[PDB]
Structure formats: C-alpha cells, structure tokens
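Shown here is one chain on its own, the form deposited in one PDB entry, set out as structure tokens.
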C-alpha cells in the first residue's frame, strides 16, 4: 500500500487517465468505461479500472497543485507500475491564439513553483511531455477532427494570482493557458522514466473574461475525454 492509495498492487492498468477532480474521474468511469471498478478512495481521491473498447484503462484523481499531483503520480509509477499517464483538465486561457472550447496539448509547462529548482540543481528544468505520447495525441486528434492547439502552459502555485499583470508576458512566450499541475506531472514522469502528457480544455478566458455555459463545459470536456480514451486504445 501507500499512505494515499489503498488499491492492491496490480489493480492499476499500465495506462492511466488523470484529473484533478475525483468526481470527474468518477463521471468518466460511469459514462465511458465498461465494467468499471473503484479501486482506491483514500482521502476521497477516487481511482477506477475499467475497459474502453476492450482496452484496460485506469483513472485516478490527483488533486490541485503541483505538490498534490506529485504525490499521486509518484505512487502510481513507483508502487503501482503505471507506465503512461495522460492528464486532462480545464485551464484558463491567456493567449489570443486560443478560445473557449479549444483543447490544448502542452508541449512544455513553465512554473512559478520552486519544485523543479529543488529537483534539478537549482537550474532551469524544461518540463516537457513524452514525445511519442504527444505524437499519438496529435494523430488521434486529426483522426477525430479536433483542432488541437499546441504550446506551453504555465503551472502556478496560485489559483488566485498576485501577478495578473504578467499574463500578457506569458502569452508572448507562447503560454496558451494557466493551470496548476502540468509542470509537476512532467517533472515527476521525467525523474521516474514514465510517459506523461497534459491536455486541457479552455472553459474560461482570463483575458477576455469569456466563460463557457455549464452545459457547454460538459460538452467540451466530453470531447477531451473521448480524445484521451481513443489515444490510449
């Protein structure tokens, strides 16, 4: 076992979809998987194993923030032998290159965290996803007719930012959106030789203040779920 997961070793398939919100994980298990079994529930952070088009797939919640994400991803890789980790979530757009309902593939994750300096010699770690996984996402999106937006995201320790004046500067350097875990997902997978990728759905635009209707939010997140499950099968 671990302190944060009470699944049996072997309960997880080697491919795992992750979301910060464990109720979104539950929703995916119930709506999209066949024969879905809840396999962990410590701290109400739910994980499941089921089948998608006959393919075994696991789902796991990771909470909010780099430190929370790093706990679960570390345990999934080191204890539960998970090999491929696809994070899907929402993000707040900061770039004119993206709009509401877009799906972003993060080919880099910048951060205001100290975690990668602590990991990496007090230097600048370029936190990046597995290239083959990003290729698979691109080819699957084209097959599904999804216009995948590709660029960096900014992973913040702050949901309520003290640096909103800086969003334009991040957009200048090709940061399409802000979220709070990708840099930790990527650095952990890099450390532990696992394949990881982050996709995020634009439900809010932090510049133009636009926001999706609650029904639209379900629809756009559903399209992201289908993309994720298709690239893992």
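Numbering follows the first chain given and starts at 1. Only residues modelled in both forms are compared. Between two forms, the rigid core is the largest collection of C-alphas that superpose within 1.5 Å.
We do not show the form deposited in another entry, though everything after this point is about it.
Visitor: Core aligned, does the CA of residue 21 move at least 2 Å between this form and the one not shown?
Guide: Superposed on the core, residue 21 moves its C-alpha less than 2 Å between this form and the one not shown.
Visitor: Does residue 9 shift between this form and the one not shown by 2 angstroms or more at the C-alpha, the core having been superposed?
Guide: No, the C-alpha position differs by under 2 Å between this form and the one not shown.
Visitor: Using the core for the fit, does the CA position of residue 222 change by 2 Å or more between this form and the one not shown?
Guide: Superposed on the core, residue 222 moves its C-alpha less than 2 Å between this form and the one not shown.
Visitor: Okay, core lined up, where does the chain shift between this form and the one not shown, counting runs of 3 or more residues with each Cα at least 2 Å away?
Guide: Run found: 213-220, no others.
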